[PDB]
Protein chains: 6
Amino acid sequence: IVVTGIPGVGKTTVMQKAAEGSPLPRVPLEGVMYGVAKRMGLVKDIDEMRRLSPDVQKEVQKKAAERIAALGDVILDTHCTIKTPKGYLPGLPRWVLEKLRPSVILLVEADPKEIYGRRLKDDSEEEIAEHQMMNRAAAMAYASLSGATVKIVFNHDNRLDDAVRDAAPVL
Amino acid sequence: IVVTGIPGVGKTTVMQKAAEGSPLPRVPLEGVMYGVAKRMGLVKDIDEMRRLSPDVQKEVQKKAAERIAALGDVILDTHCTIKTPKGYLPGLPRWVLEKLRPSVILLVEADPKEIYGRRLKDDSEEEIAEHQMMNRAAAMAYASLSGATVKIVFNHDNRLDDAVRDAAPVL
Amino acid sequence: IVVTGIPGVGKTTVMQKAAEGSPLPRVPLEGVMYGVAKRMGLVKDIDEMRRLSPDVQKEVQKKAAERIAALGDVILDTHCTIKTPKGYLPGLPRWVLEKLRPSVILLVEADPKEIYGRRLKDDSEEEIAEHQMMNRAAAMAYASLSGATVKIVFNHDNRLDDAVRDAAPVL
Amino acid sequence: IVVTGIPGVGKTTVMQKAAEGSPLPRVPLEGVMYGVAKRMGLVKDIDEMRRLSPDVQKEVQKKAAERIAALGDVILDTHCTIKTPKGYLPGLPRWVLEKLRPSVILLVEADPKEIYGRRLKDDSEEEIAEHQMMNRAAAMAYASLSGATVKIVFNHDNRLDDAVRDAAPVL
Amino acid sequence: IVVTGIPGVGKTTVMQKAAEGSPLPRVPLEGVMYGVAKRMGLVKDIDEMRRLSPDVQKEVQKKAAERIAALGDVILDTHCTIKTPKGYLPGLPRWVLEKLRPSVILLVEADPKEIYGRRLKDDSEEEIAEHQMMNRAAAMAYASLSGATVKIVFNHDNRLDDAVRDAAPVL
Amino acid sequence: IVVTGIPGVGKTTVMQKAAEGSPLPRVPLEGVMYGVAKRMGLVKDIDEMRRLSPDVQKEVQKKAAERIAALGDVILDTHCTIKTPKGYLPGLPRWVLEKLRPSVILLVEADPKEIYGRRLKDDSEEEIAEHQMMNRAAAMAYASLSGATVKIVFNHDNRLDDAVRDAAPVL
């Protein structure tokens, strides 16, 4: 399983509540990549992951995915697209999907005005709505490459029980 | 050619009225998969297609696609995404497209309020509008994998002649 | 399965109604032969099928039948005898039957006066009655060559429900 | 880099203003395909590129992409989807992406009412908004296949400096 | 890392609070064993893990530990001793330690009267104090076999901030 | 095609106007050399091209020319002679011409008094007239080595339409 969401949507809260009583392991993909790179001796510190040569970083992604595939059924956590100075970056290249072979991609959503409120209490609502629409396109592209199912989960501010009630049927 | 649409959009009516006088054979993909599985002795009854092992079901899709490719130019019929308890399932995995190599994907649409009306006379309008948006994303992803052209056809309740007039130029 | 009938008997209507909700593919044999010849590069236009050398046309029939046999169980559609300036031409030679191996030949019939009325609103009644008798002889010859069953279906003008009720038991 | 947009969005103006003082070469992809086909002796005139056999045209796309990859870092120019009588055609098939391996896809946008105004001074606003949405789906599918980043640039009528200020950070 | 504790000591709470913001993956060992056995086809349901042949269960433990060792630095979770009708069962046999090679064993403790209070609000205090003493012996035996460090963390009812302040320095 | 001119003659403006709507790629030679050296890992920044060993810089010129020759018909851009502290440097050595095999060298000119006016608004008129004469000698030497044609184009201050009308016939 892969769980995904825009920064501010409350991804970790819904995942922690829905995964309660589950026998499934819980895995941040960036953490595994750092662990694999560190045990291969390529890095020592978490920021060095951004300094690696891109074509070495492809093989770190490949090896991390092979090892998560060997672990078996898992709640993997990462962004589906990351916003950057040069625009949106796909969080899951084809060479990851060919190794992981996900059964489900789960996408968490809330209203742009709710997310803007949460972010202000910590982009325009138009840029939030854009990043959400780009995530839907990215998820369905990942699905078509892999045979993975795509689930959308709403997580409105007052209504965490709805997000958990929609998420738990997937597990 | 592949023809696709959401349940209730009137797909079969537009397909048969546009295919009138065409030399092209017509084919339901699920029906051919059942036929191939049955002639390979893997099943006897239509429900058993849901009971097959997924990694056998991949090869049944592959063989059905190879045989529909050997038949040549055809009006193939299937859903582009199927709604399920775990969310949207891609109806055409990459291993189907690499065998069929479609020249066109045709997508049928109507207003969510019309579709809700037809369904009530037999999901919310928002979930209908979502499933349409997910189908557009799926179709263009399938196109990029294959070189297939993508055509959208409107099929408003009274206006079947517009749908048929838009469809016939494709054939 | 093969469905057959004299021009004007309403062949397509009875097939379309009885095949409703069937998982079977729906194939015109002339269309397959054109598709096979076109993809073998032998022709580009449908009228060129009448211009092919007869011993090439035998192999086009043979290859079309092999590919329909690979597709498996199907509602195939063609005439059992075609009327021509030199008289009746058999629609299905032995080299087709040895490949398709049909389980059923279905023959649609109506009164010569009904057929003459339909044709007048679009041959003598004696020539219509002759062509029907020649079709029965052709069907039973095909049966004896192949082990196929032969079914006769009446389709009187008002009584389409009787034609469909006789046809549906075959499917 | 690849730069893309709908006809009327002002693609060339934003490209040439942002590329001012850049050491990067600029390349029209259709122009290179014509050049490669012409130097391979396949054509003499630009219109003959539409007359080529599709499976030859795949190899021309492949060879043009290999040569543009060997040139190195470049501002490549083409449409991401081309509107045709049979609907939208993908501008960049997978066999192009596996050769070019783009670092960025850039997508230029403007309001449908602005584009309709420019086109009227030279589709409905609904069909313009549709073609833009189909381009977003195409770009993100291309991204997932390649690891390319996706940037969106607004180019409103009076506001060319905003388009150039968004574009220059990519180069 | 391995985190361990007696049922009712609040193990999961202190782990969740201390692991906050860590890049380390989180793994229940029983979950991995079920996943490995399920993917090896040995079982389908979680209760069948108790029905396996003991010498198969040794090899499942061995394979699960090899796959966790390949994943690298991790917050592993399991009991150090499990209470059963036949008395205490060691949670981590030598064939697990030779694969995992832990750097730390972490042992969570609370007063027998606090644990009795938590268990009532849902063994004698003597049997609780015995099970704690047997865990200390088990942990220090595991340490001597492996070179792992052993840390004890108090988790008194109101004082969760002390438990988290002691746990976070280990990570 | 190669376009050439003295700094201040307005080379880019005449090229940009004449090449309007051309299918030809547009290429700065210094940019390609930097791109080739950068992708060979020899440099990271544009100024390091002056720091290269001359006998490496020859092979970079050779490889850049081979890759621009593989690209086919092109509007290449560079100076025909570069003024330096040690005098005039030839912009195109024999080892470049043997690879590019130009069909045309185009040389842009204006009155030394006009150029001095432009350079004042941004050498003596005698030194400007000298650099032009040295460019004519260099161009005709390049022609004799290669079989390239030589075209001279005037670009007087107001008369850009005359310059573009002389340039466009070459393309």
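Please find, within the range D:46-60, the residue that is nearest to B:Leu145 (Cα to Cα) out of those that are of a type in the set (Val, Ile, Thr) and in contact with a helix residue (DSSP H, G or I) (Cβ under 6 Å, 6 or more places away or on another chain).
Let us first name the residues in the range D:46-60 that are of a type in the set (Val, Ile, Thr), namely D:46, D:56, D:60.
Checking which are in contact with a helix residue (DSSP H, G or I) (Cβ under 6 Å, 6 or more places away or on another chain) leaves us with D:46, D:60.
On the way: D:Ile46: 27, D:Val60: 18 Å.
Taking the candidates together, the pick is D:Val60.
I need the full set of residues from the range D:152-171 which are among the β-branched types (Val, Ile, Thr), within 14 Å of chain A (Cβ to nearest Cβ) and surrounded by fewer than 22 Cβ atoms within 10 Å (Cβ to Cβ), in order please.
Result: D:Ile152, D:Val170.
If you check C:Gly5, C:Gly10, C:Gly31, C:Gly35, which single one turns out to be in contact with a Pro (Cβ under 9 Å, 6 or more places away or on another chain) and under 24 Å from C:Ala148 (Cα atoms)?
That would be C:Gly31, the only listed residue that is in contact with a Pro (Cβ under 9 Å, 6 or more places away or on another chain) and under 24 Å from C:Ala148 (Cα atoms).
Go through (1) farther than 28 Å from B:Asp77 by Cβ; (2) assigned to a helix (DSSP H, G or I) one by one and return the number of the condition C:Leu89 breaks.
(2)
If the requirement is being in a loop (DSSP other than H, G, I, E, B) and either over 19 Å from C:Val27 (Cα atoms) or of a type in the set (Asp, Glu) (or both), which of these qualifies: C:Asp161, C:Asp166, C:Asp73? Steps first, answer last, please.
Numbers: C:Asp161 fails: in a loop (DSSP other than H, G, I, E, B); C:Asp166 fails: in a loop (DSSP other than H, G, I, E, B).
None of the others qualify; the one that does is C:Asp73.
Hey, does the range B:76-93 have a residue that's within 12 Å of chain A (Cβ to nearest Cβ), farther than 19 Å from C:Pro23 by Cβ, loosely packed, with under 15 Cβ neighbours inside 10 Å and not acidic (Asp, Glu)?
The answer is yes, given that some residue of the range B:76-93 is within 12 Å of chain A (Cβ to nearest Cβ), farther than 19 Å from C:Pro23 by Cβ, loosely packed, with under 15 Cβ neighbours inside 10 Å and not acidic (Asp, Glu).
Filter the range D:97-110 for residues that are surrounded by fewer than 17 Cβ atoms within 10 Å (Cβ to Cβ) and assigned to a loop (DSSP other than H, G, I, E, B); which is farthest from the other protein chains (Cβ to nearest Cβ)?
Ranking the qualifying residues of the range D:97-110, first place goes to D:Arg101.
For the range A:113-151, how many residues are surrounded by 18 or more Cβ atoms within 10 Å (Cβ to Cβ) and within 14 Å of chain B (Cβ to nearest Cβ)?
Number satisfying all stated conditions: 19.
Being of a type in the set (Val, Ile, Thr) and under 17 Å from D:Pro93 (Cα atoms) is the filter here, so list the residues in the range D:40-57 that pass it. Even if it seems obvious, please write down each step before you answer.
Step one: of the range D:40-57, the residues of a type in the set (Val, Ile, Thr) are D:43, D:46, D:56.
Result: D:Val56, single match.
Can you pull out the residues in the range E:26-61 that are small (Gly, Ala, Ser), buried (at least 16 other Cβ atoms within 10 Å of the Cβ) and more than 7 Å from chain A (Cβ to nearest Cβ)?
Within the range E:26-61, the first condition is being small (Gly, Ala, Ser), and the residues that meet it are E:31, E:35, E:37, E:41, E:53.
Adding the requirement that they be buried (at least 16 other Cβ atoms within 10 Å of the Cβ) leaves E:31, E:35, E:37.
Result: E:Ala37, single match.
Kindly evaluate D:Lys63 against the criterion of being among the basic types (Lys, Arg), more than 23 Å from D:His131 (Cβ to Cβ) and either out of contact with any helix residue (DSSP H, G or I) (no Cβ under 8 Å at 6 or more places or on another chain) or assigned to a loop (DSSP other than H, G, I, E, B) (or both). Explain how you work it out, then say what you get.
Numbers: among the basic types (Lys, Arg): yes; more than 23 Å from D:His131 (Cβ to Cβ): yes; either out of contact with any helix residue (DSSP H, G or I) (no Cβ under 8 Å at 6 or more places or on another chain) or assigned to a loop (DSSP other than H, G, I, E, B) (or both): no.
So D:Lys63 fails the test.
Residue check: is D:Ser144 small (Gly, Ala, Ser) and over 26 Å from A:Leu89 (Cα atoms)? Walk me through how you get there before you give the answer.
Details: small (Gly, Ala, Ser): yes; over 26 Å from A:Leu89 (Cα atoms): no.
Taking the combined requirement at face value, the residue does not satisfy it.
In the range F:1-25, which residues are surrounded by 15 or more Cβ atoms within 10 Å (Cβ to Cβ) and either assigned to a helix (DSSP H, G or I) or hydrophobic (A, V, I, L, M, F, W, C) (or both)?
F:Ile1, F:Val2, F:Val3, F:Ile6, F:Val9, F:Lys11, F:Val14, F:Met15, F:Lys17, F:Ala18, F:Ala19, F:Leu24
All but one of (1) assigned to a helix (DSSP H, G or I); (2) acidic (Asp, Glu); (3) out of contact with any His (no Cβ under 7 Å at 6 or more places or on another chain) hold for B:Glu114, so report the exception by its number.
Every condition holds for B:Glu114 apart from (3).
Every residue, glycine as well, gets a Cβ built from its backbone with ideal geometry; the counts of neighbours run over all protein chains shown. Values quoted throughout were computed directly from the atomic coordinates according to the rules given, and no laboratory measurement underlies them.
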